[PDB]
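**Student:** With the input below, show me the fold.
(2 chains)
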Amino acid sequence: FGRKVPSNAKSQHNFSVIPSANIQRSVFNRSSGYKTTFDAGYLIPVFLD
Amino acid sequence: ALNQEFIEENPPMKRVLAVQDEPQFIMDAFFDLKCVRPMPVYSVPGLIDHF
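**Tutor:** Numbers count the residues shown, from 1 in each chain, chains lettered A, B, ... in the order given. Have a look at this structure:
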C-alpha cells in the first residue's frame, strides 16, 4: 500500500506565533526620605510604592 | 496520420479500469518549501520613517 503525505498544519501554526516584545529594562536608584510622628501600638504605613 | 491527434498522449485507461466514469487518478500532494525571502517572518505594524 502507499505511504501518507504530511499536512501543513505545523507550518501554519508557526506563522501565527507573535514575536516577543522587546522591553528596554534599566537599573536605577529610587531613594526616598520620609519623616513622621507616631504613637505606640498602631500600624503606620511609612513606605508605599 | 503523423499529426497532433497521433502524438498526443492518450492511453486507453477506460478499458483496463473496473469502475466506469470516475477519474483515473486520485492524488494527494505535499510541497515542503524552505524559503529565504526579503521579508520578516512576522510583520508587526509600526516603524513609519523606517524602510
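**Student:** ok, now which ones touch the residue nearest to residue A:6 when sequence neighbours are not counted?
**Tutor:** For residue A:6, ignoring the flanking residues on the chain, the nearest one in space by CB to CB, 6 or more residues apart in numbering or on different chains is residue B:30 at 5.1 Å. C-beta here means a position set from N, CA and C on the backbone, and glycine is covered the same way. Under the criterion of CB atoms under 8 Å, 6 or more residues apart in numbering or on different chains, the contact list for residue B:30 reads A:5, A:6, A:7, A:8.
**Student:** Which strand or helix spans residue B:30?
**Tutor:** Assigned by DSSP states H and E, residue B:30 belongs to no helix or strand.
**Student:** Pick the one among the contacts of residue B:30 closest to chain B.
**Tutor:** The nearest member of the contacts of residue B:30 to chain B, counting by CB to the nearest CB, is residue A:5 at 4.1 Å.
**Student:** Just give the number of residues close to that closest one.
**Tutor:** By the other CB atoms under 10 Å in any protein chain shown criterion, the neighbourhood of residue A:5 contains 11 residues.
**Student:** Around chain A, pick out the residues from chain B.
**Tutor:** Near chain A, the residues belonging to chain B are B:28, B:29, B:30, B:32, B:41, B:42, B:44 when assessed by CB under 8 Å from any CB of the partner chain.
**Student:** Just the buried ones from the residues you listed?
**Tutor:** Neighbour counting with 16 or more other CB atoms under 10 Å in any protein chain shown marks none of the residues of chain B next to chain A as buried.
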